[PDB]
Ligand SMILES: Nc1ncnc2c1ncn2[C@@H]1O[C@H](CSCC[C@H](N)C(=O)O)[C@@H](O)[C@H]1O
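Next up: just one chain, as structure tokens, the form solved without the named molecule.
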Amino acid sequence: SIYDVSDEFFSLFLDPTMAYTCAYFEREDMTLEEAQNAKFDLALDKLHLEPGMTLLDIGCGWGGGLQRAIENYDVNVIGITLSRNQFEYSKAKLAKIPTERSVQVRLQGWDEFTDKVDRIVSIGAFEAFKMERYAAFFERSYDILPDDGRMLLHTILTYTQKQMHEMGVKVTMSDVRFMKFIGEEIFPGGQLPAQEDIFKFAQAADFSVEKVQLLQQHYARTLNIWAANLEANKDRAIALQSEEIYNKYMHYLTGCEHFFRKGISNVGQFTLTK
């Protein structure tokens, strides 16, 4: 399976910050790492952080995001992931950053988390959720934030066939073939949300959506690069794993890129306020 590969495997195509999400090429000539930090800065600015606050990163991945938070803001931070790989890797990377604040890494899910915070960020972890938990997720998010609390949710988004038809988006058979590949290798029963779903469940918990920012073509470029890297690191990827996992990932990356490029997929940042 592709879920059993090492962090060292991801390093064959991810940027030095180990960000496995959509990059933000605020400038067309940005590098991947520069675009990645830009994405993080983009998200963090939206939270209106003041010194002394506490920030929560739900599904902190390999820590690239909490790094920017410590460096550029004077706040306590808490990151929670369920990957032990990430948990130990992030705890180590983040310990090397100077700070006069608290820094806690926990191997923990959001259902377990119950501490009070001031701001919340989530990037790429939502698409791993089941639609049956959406309501509870926002209910917990809303409950730990303060009166003026704010949260930024970054997540991939999908369309309905109606909308895709409305946009002249012609889904071919190959596209459907790739969808099964997803439901087989990636999504063991998992419905990806559409923009309106975010609004519904978010506002249902009494949040206020103040902005959504969509970055379709950024992910296509993001994906275009990850793929090229793994291809350049082909022989090493096989050595780490096998030609099977290699071809598996290539197909995954290249297909996901095509979906964002053609217009089947999207990715948005939702600013939610309390």
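The first residue of the sequence shown is number 1, and the count goes up from there.
Is residue 183 a gap in at least one third of the other compared entries?
-> No, modelled in all of them.
So 35-43 or 239-247, which one's hotter by mean CA B-factor in the entry?
-> Comparing 35-43 with 239-247, the higher mean C-alpha B-factor belongs to 239-247.
Stretch with the greater mean C-alpha B-factor as recorded in the entry, comparing 120-128 against 163-171 = Comparing 120-128 with 163-171, the higher mean C-alpha B-factor belongs to 163-171.
Highest-ranked of 196, 147, 139, 74 once sorted by CA temperature factor in the record = Max CA B-factor in the entry, restricted to 196, 147, 139, 74: 147.
Per the entry, which of 182, 151, 95, 78 tops the list for Cα B factor?
-> In this record, 182 carries the highest C-alpha B-factor of the candidates.
Ranked against its chain, the third holding the CA B-factor of residue 271 | Residue 271: CA B-factor falls in the lowest third of its chain.
For residue 135, does the deposited CA B-factor place it in the lowest, middle or highest third of the chain?
-> It belongs to the middle third of the chain when residues are ordered by C-alpha B-factor.
Could you look up the Cα B-factor of residue 28 in the entry and say which third of the chain it sits in: lowest, middle or highest?
-> Residue 28: CA B-factor falls in the middle third of its chain.
Consider only the C-alpha atoms of the modelled residues in this chain, order them by B-factor as the entry records it, and name the third containing residue 103: lowest, middle or highest.
-> Middle third by C-alpha B-factor.
Third of the chain, ranked by Cα B-factor, where residue 156 sits = As the PDB entry reports it, the C-alpha B-factor of residue 156 lands in the middle third of its chain.
Not pictured, yet referred to below: the form solved in complex with the named molecule.
Decide open versus blocked for this chain after superposing the C-alphas round the site and placing the named molecule the way it sits in the bound PDB entry; the blocked call needs 3+ ligand atoms within 2.4 Å of backbone or C-beta.
-> Open, going by where the named molecule lands after superposition on the site C-alphas.
Sort through 109-117, 195-203, 144-152, 92-100 and report the only stretch with a non-hydrogen atom within 4.5 Å of the named molecule in the bound PDB entry.
-> After filtering at 4.5 Å, what remains is 109-117.
Would residue 40 sit within 4.5 Å of the named molecule in the bound PDB entry, counting heavy atoms only?
-> Yes, residue 40 is a contact residue.
Decide whether residue 129 counts as a contact residue for the named molecule in the bound PDB entry under a heavy atom distance cut-off of 4.5 Å.
-> Because a heavy atom of residue 129 falls inside 4.5 Å of the named molecule in the bound PDB entry, the answer is yes.
Find out whether any non-hydrogen atom of residue 58 is located within 4.5 angstroms of the named molecule in the bound PDB entry, and reply yes or no.
-> Residue 58 belongs to the contact set for the named molecule.
So in the bound PDB entry, does residue 123 come within 4.5 Å of the named molecule, heavy atom to heavy atom?
-> Yes, residue 123 lies within 4.5 Å of the named molecule in the bound PDB entry.
Residues within stretch 74-92 having a non-hydrogen atom within 4.5 Å of the named molecule in the bound PDB entry = Result: 80, 81, 82, 83, 86.
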